[PDB]
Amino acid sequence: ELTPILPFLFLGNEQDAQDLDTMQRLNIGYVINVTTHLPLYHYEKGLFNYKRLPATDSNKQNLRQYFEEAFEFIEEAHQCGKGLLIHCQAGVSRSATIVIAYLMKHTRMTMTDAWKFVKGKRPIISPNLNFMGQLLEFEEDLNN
């Protein structure tokens, strides 16, 4: 169910991060794990490059702090022409907020539009009020 948000960006869940067979058929070379507790599945195989963003899906969690780290990673994955998977435990809130924000800054889109695109491919996404609110400040601060 890994949703191709882009040619070079896929958004999925925990079971998605485990399907190695699938992942190298899609050409994934990069993984962002947006959890605090889950393994970097397949790390020992030496296949992928990984970045953990140890966030929880709380109304108290700050993702804006990770926005930059995730973009630099995603853009390198573009510059090198291989796929990137971004996952949480379910692809609904944490990992989607980060996708929405990249689609904002490194594609030409407002939040409404970036959110609309992603929900159109992956309609289970439901970022919580806290994440929404952090997406709004990000819009202001870009279009400052």
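For every residue, the number given is its place in the sequence shown, counted from 1.
76-84 and 43-51 differ in mean CA B-factor, and the higher of the two is recorded for 76-84. Between 15-23 and 124-132, the higher mean Cα B-factor belongs to 15-23. Comparing C-alpha B-factors across 31, 109, 34, 92 in the deposited entry, the largest value falls on 109. Among the modelled residues of its chain, residue 114 has a C-alpha B-factor that falls in the highest third according to the deposited record.
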